[PDB]
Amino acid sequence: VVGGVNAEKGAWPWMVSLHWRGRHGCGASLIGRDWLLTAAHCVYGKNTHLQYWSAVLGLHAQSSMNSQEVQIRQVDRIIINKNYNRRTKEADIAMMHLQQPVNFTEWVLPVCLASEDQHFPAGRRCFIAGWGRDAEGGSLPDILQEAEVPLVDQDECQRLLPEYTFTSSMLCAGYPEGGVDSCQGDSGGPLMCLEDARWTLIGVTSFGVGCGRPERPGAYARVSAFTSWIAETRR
C-alpha cells in the first residue's frame, strides 16, 4: 500500500497474510471460521502441494509471526471461481479453506460481505490494507499498512484503464493525482467500507497499472458480484 500509514494491532482483524513456502505472497480476508476470500491470481498454479501455504491471521508485523495474538492455519482446499480468466482479469477471486477453524478473538474476526444492492457510490471513502510495496519502487513494510481511498465510477475506471476490459465484476479506487493505492504484495487483500457503522468487504485487491500513479486507480474484484458462488462454496 502506497500513501498509507501503520495499522494498529487489531485494526483489521479479518486481514490475513498468505505465506507460501515461508513468505508473505498475498493478502486475504477472513469471512468465517473456516474460509478465506482472496484473489485467484494469488492461488493460480499453487493449487497442488497445499502444505506450502500457511494462512497467518491476527498479524501486525511480519517479524512478529510468533505473538500469541497470531493464529496460523494450514490451507486444505482452494476454490478458484470458475469464470476466472488470468488473461483478462475477469473474476480474479478465490476461496481458501482453513484446515482447522480459527477462534474469534480481539485480533481475529471475519468481515461482513457486501450484498447485491447495497449502495457504494463513487466518491465514497473506503479503506485498503496490506503488506505490499510502499510505492511502485518502494520497500516492503514489516508492519501492516492501511490507507483511505475513494471509489471511482465504473465508466471512469474503464477510461482510465483502457488496457483492460473493465467489467461489472470489478471496481476501482484511487485519486486523480495518485499517491494512494494498493501495490504488488497487496493482491487478494481487502477493500472495505464503513456502512451504517459496520465494516463491509466490498472488493478484493486484484490488479492495476503500476501503483499510486496519477489517473491509474487500483482495481478490485467486486464482492457483491460473487454472492451466490461465495455462499455455495461455504463449508
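So that there is no doubt, residue numbering starts at 1 and follows the sequence shown.
Undergrad: Between 4 to 12 and 226 to 234, point out the one with the higher average CA B-factor as the PDB entry records it.
TA: Higher mean C-alpha B-factor: 226 to 234.
Undergrad: Out of 95 to 103 and 81 to 89, which stretch has the higher average CA B-factor listed in the record?
TA: Per the deposited B-factors, the answer is 81 to 89.
Undergrad: Just grab whichever of 74, 71, 145, 154 has the top CA B-factor as deposited.
TA: Reading the PDB entry, the winner on C-alpha B-factor is 154.
Undergrad: When you compare the CA B-factors of 150, 110, 138, 130 as listed in the entry, which one comes out on top?
TA: When the deposited C-alpha B-factors of 150, 110, 138, 130 are compared, 138 is largest.
Undergrad: Ranked by Cα temperature factor within the chain, is residue 33 in the lowest third, the middle third or the highest third?
TA: Answer is lowest: the recorded C-alpha B-factor places it there.
Undergrad: Just say lowest, middle or highest third for the CA B-factor of residue 114 relative to the other modelled residues in its chain.
TA: Tercile = middle for this residue's CA B-factor.
Undergrad: Which third of the chain holds residue 181 when residues are ordered by C-alpha B factor: lowest, middle or highest?
TA: Lowest third of the chain for residue 181's C-alpha B-factor.
Undergrad: In terms of the chain's CA B-factor thirds, is residue 175 lowest, middle or highest?
TA: As the PDB entry reports it, the C-alpha B-factor of residue 175 lands in the middle third of its chain.
Undergrad: Looking at the entry's B-factor column for C-alpha atoms only, identify whether residue 27 ranks in the lowest, middle or highest third of its chain.
TA: As the PDB entry reports it, the C-alpha B-factor of residue 27 lands in the middle third of its chain.
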